[PDB]
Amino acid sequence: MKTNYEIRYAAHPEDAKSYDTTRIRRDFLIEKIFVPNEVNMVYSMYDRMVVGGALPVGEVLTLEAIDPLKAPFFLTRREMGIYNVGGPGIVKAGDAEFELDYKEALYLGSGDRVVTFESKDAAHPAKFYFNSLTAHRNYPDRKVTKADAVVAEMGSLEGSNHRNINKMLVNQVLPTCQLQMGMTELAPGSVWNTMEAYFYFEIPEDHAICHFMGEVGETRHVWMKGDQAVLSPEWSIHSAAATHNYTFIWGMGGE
């Protein structure tokens, strides 16, 4: 068991236009999400979003109240949405207990509760990706699958952007303070996705995603792999083109 976190500052669009590739990767790209028996987190000064991953491999991992939360429990005054993008797993929060398989999601509300992550089989570990935002009041926990989602079909073969948007941890489904999350699945041969955090997965290891950012007319990009996330500022665009189809999770807060 080990928790790593880092704080990342927000930025001005006028300054970001001069960033080089190294600077863009340092500030926006999150490369180290899943490491065996680690919980790895980025605390973003864009709306105080925490983006993280937990990878239990023969251990139960605890969600620790990192220093910048200034709270005895991670969810003391926070809410979070969790997706499993690996093998079957279990999330516990206080005495509540949820089974999550591949591509299933879970909202947890505020409260002084111990949160733990575990895999049913260490040979096929759970990969828990999560976003978290502040929460000034509790709302009930809910497990949410694609079955409970508002689905929207978009794009076409011609435009290489045929995809299903699964709106899951959204206002139409369940109450939350500010966190909204969903999952969008590109059809075979579609590669375009025509503050927000984007996490990409279900893409082979030899392929890549070009994630776009910056202001219109001054666009930049960052090259990403599966199981990596990116912070997309309020002032930034957020298109992506990969070298193969993929799925991605999106999350957002604020106003």
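All residue numbers refer to positions in the sequence shown, first residue = 1.
**Count class of deposited residues lacking coordinates, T62 to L63** = Per the deposited record, the segment joining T62 and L63 has no missing residues.
**Prompt:** Got a sec? Mean C-alpha B-factor, which is higher, 21-29 or 237-245?
**Reply:** Comparing averages over the C-alpha atoms only gives 237-245.
**Request:** Identify the stretch, either 145-153 or 159-167, whose C-alpha atoms have the larger mean B-factor according to the entry.
**Result:** In the deposited entry, the stretch with the higher C-alpha B-factor mean is 145-153.
**Request:** Have a look at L69, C210, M45, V42 and flag the one whose Cα has the highest B-factor in the entry.
**Result:** When the deposited C-alpha B-factors of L69, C210, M45, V42 are compared, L69 is largest.
**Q172 by Cα B-factor - lowest, middle or highest third of the modelled chain** = Ranked within chain, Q172 CA B lands in the highest tercile.
**Request:** Place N138 in the lowest, middle or highest third of its chain's C-alpha B-factors, as listed in the PDB entry.
**Result:** Highest third of the chain for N138's C-alpha B-factor.
**Item:** Chain third (lowest, middle, highest) by recorded CA B-factor, residue given as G58
**Value:** Its C-alpha B-factor belongs to the highest third of this chain's values.
**Request:** Quick one: classify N37 as lowest, middle or highest third of the chain based on its Cα B-factor.
**Result:** It falls in the middle third of the chain.
**Prompt:** Is the Cα B-factor recorded for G52 in the lowest, middle or highest third of its chain?
**Reply:** Its C-alpha B-factor belongs to the lowest third of this chain's values.
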